[PDB]
């Protein structure tokens, strides 16, 4: 509990494995996964974020999303309300129907976009919480490698003025993700 796991990429971006649940995020940006209808109470990650943030998070998302055509890969920005961050980036994650290989590529593009948004806002840190393998057809270890590799890729190919830290937020009882990230971090250190 007392430590975060740490891995810095060759390009200088620090990744932290944080085992505190998703409600305690203390980064500038937190990324949420939302449905196409923008209802924040459906999936378990979003429901958890909503429970801490308060219903104002839903109020603001509904307002920013009104009359916006929303599809897979849409990213909408709100303030954080009672979360301990500055902004939430609400993303419509892909599902398996988008195609197997396609869906991994789409997740990579989403990860990259959210980091680019954070840098464009002159912010320092972004958190990606575990969303689960909800409606995606790959095991958690595939997604752990994917996100870490994308952080490596992004930071090697870009000079970053402000973005310094990427936090992976895991619930301490998420045994499968804790094992996947721990193995990846151990392997790369």
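Numbering follows the first chain given and starts at 1.
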Q. If you average the CA temperature factors over each stretch, which comes out higher, 12 to 20 or 164 to 172?
A. 12 to 20
Q.
If you average the CA temperature factors as listed in the entry, which stretch comes out higher, 91 to 99 or 74 to 82?
A. 91 to 99
(Q) Highest recorded C-alpha temperature factor, please, choosing from 49, 126, 68, 131. (A) 68
(Q) Between 63, 149, 33, 158, which one tops the list for Cα B-factor in this entry? (A) 158
Q. According to the PDB entry, is the CA B factor of residue 139 in the bottom, middle or top third of its chain, that is, lowest, middle or highest?
A. highest
Q) Lowest, middle or highest third: where is residue 120 by C-alpha B factor in its chain? A) highest
Q.
Going by the CA temperature factor in the PDB record, which third of the chain does residue 41 belong to: lowest, middle or highest?
A. lowest
**Q.** Chain third (lowest, middle, highest) by recorded CA B-factor, residue given as residue 58
**A.** lowest
Q) When the modelled residues of the chain are sorted by Cα temperature factor, does residue 106 land in the lowest, middle or highest third? A) highest
